[PDB]
Student: 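Structure below; questions to follow.
Throughout, residue positions are numbered sequentially from 1 according to the sequence presented. Both ligands and their constituent atoms are indexed starting at 1 by order of listing.
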Amino acid sequence: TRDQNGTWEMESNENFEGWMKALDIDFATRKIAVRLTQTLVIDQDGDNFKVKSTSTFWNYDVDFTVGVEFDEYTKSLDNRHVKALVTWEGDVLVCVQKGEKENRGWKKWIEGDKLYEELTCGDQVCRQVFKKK
Ligand SMILES: *C/C=C(\C)c1ccc(-c2ccc(N(C)C)cc2)s1
């Protein structure tokens, strides 16, 4: 299924700190952030997505249209400019962020009743699993 709508509550988090370090996020921010449970809220209507990543320490939102390139500032994550594109590879939602960092982006897919995602930067991969609330 390509339907990723919902409020998703984190069940599992692996190598979140490696991903943050590959983005050069500072020590203090990483050490606090790696401890935290995350929520992902996805509003999906056709190609149009609104995605919100939250914890007690951040609230990061992005809107996009599948298949439409968009210039993006990554704001309080790592304050960089990238050229972003989100597309479907089968039922995997794939984001590529072109810019200073190699292999930067993410992948999301539904597997069972859960949302799985990969966050990638450089040679680091963070793997997460969320349950639908
Ligand atoms: C589809 C998933 C997305 C866009 C994200 C998953 C995690 C994100 C994130 C983590 C940490 C921060 N800060 C500010 C530490 C921001 C966003 S976005």
Side-chain angles (χ1 to χ4, degrees):
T1 181
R2 284 184 178 155
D3 198 321
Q4 304 186 350
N5 266 289
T7 296
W8 300 95
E9 296 185 338
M10 168 172 280
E11 283 191 333
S12 184
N13 200 14
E14 182 189 356
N15 195 34
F16 188 61
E17 181 160 12
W19 173 78
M20 285 190 289
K21 203 166 180 178
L23 291 165
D24 311 317
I25 293 172
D26 66 276
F27 180 89
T29 301
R30 294 201 320 273
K31 289 310 169 182
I32 299 309
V34 73
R35 295 169 187 168
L36 305 182
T37 303
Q38 306 180 18
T39 303
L40 193 69
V41 179
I42 297 175
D43 189 330
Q44 173 183 354
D45 171 44
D47 288 328
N48 298 328
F49 279 74
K50 304 183 230 302
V51 179
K52 298 165 176 45
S53 166
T54 69
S55 72
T56 55
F57 190 45
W58 73 83
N59 196 335
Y60 178 99
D61 323 326
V62 61
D63 306 330
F64 56 83
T65 302
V66 169
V68 177
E69 185 183 78
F70 60 109
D71 277 28
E72 164 172 60
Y73 189 55
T74 62
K75 294 169 177 170
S76 78
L77 177 61
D78 63 317
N79 299 269
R80 286 188 173 97
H81 294 92
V82 297
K83 285 184 154 296
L85 177 65
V86 184
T87 58
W88 292 108
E89 295 177 6
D91 56 6
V92 180
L93 191 69
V94 176
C95 174
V96 172
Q97 292 164 309
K98 293 205 292 285
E100 171 72 15
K101 299 291 176 176
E102 295 178 292
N103 306 319
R104 182 184 182 149
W106 46 252
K107 306 178 199 68
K108 308 181 204 289
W109 67 90
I110 301 299
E111 193 190 309
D113 62 310
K114 298 186 191 298
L115 185 147
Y116 285 68
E117 65 180 18
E118 294 173 26
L119 314 175
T120 60
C121 187
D123 70 343
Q124 297 296 308
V125 180
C126 163
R127 301 181 189 287
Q128 306 179 318
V129 187
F130 298 77
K131 63 172 182 177
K132 193 174 180 177
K133 190 178 186 173

Student: In terms of atom number and element, which parts of ligand 1 are under 4.0 angstrom from non-hydrogen atoms of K108?
Tutor: 1 (C), 2 (C), 3 (C)
Student: Of all the non-hydrogen atoms in the protein, which one sits nearest to atom 11 (C) of ligand 1, and at what distance?
Tutor: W58 CE2, 3.5 Å
Student: Just to check, does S76 reach to within less than 4.0 Å of ligand 1 when the distance is taken from its heavy atoms?
Tutor: yes
Student: Could you tell me whether a side-chain N or O of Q4 sits under 3.5 Å from a main-chain N or O of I42, the two making a donor and an acceptor?
Tutor: no
Student: Quick one: nearest non-hydrogen protein atom to atom 12 (C) of ligand 1, plus distance?
Tutor: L77 CD1, 3.6 Å
Student: Side chain, backbone, both or neither: which part of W106 comes within less than 4.0 Å of ligand 1 when only heavy atoms are counted?
Tutor: side chain
Student: Between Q97 and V82 (side chain of the first, backbone of the second, donor and acceptor by atom type, cut-off under 3.5 Å), is there such a pair?
Tutor: no
Student: Name all residues meeting the side chain to side chain donor-acceptor pair (under 3.5 Å) criterion together with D45; count only those two or more places apart in sequence or in a different chain, and write none if there are none.
Tutor: none
Student: How far is atom 7 (C) of ligand 1 from its nearest protein heavy atom, and which residue and atom is that?
Tutor: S53 OG, 3.5 Å
Student: Where is the tightest heavy-atom contact between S55 and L36, given as atom of each residue plus distance?
Tutor: OG-CD1, 3.7 Å
Student: Counting from 1, what ligand 1 atoms have a heavy atom of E117 closer than 4.0 Å?
Tutor: 1 (C), 2 (C), 6 (C)
Student: Mind checking what makes salt bridge (charged side-chain N to carboxylate O under 4.0 Å, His left out) contact with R2, not counting sequence neighbours?
Tutor: none
Student: Between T7 (side chain) and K133 (backbone), is there a donor-acceptor pair under 3.5 Å?
Tutor: no
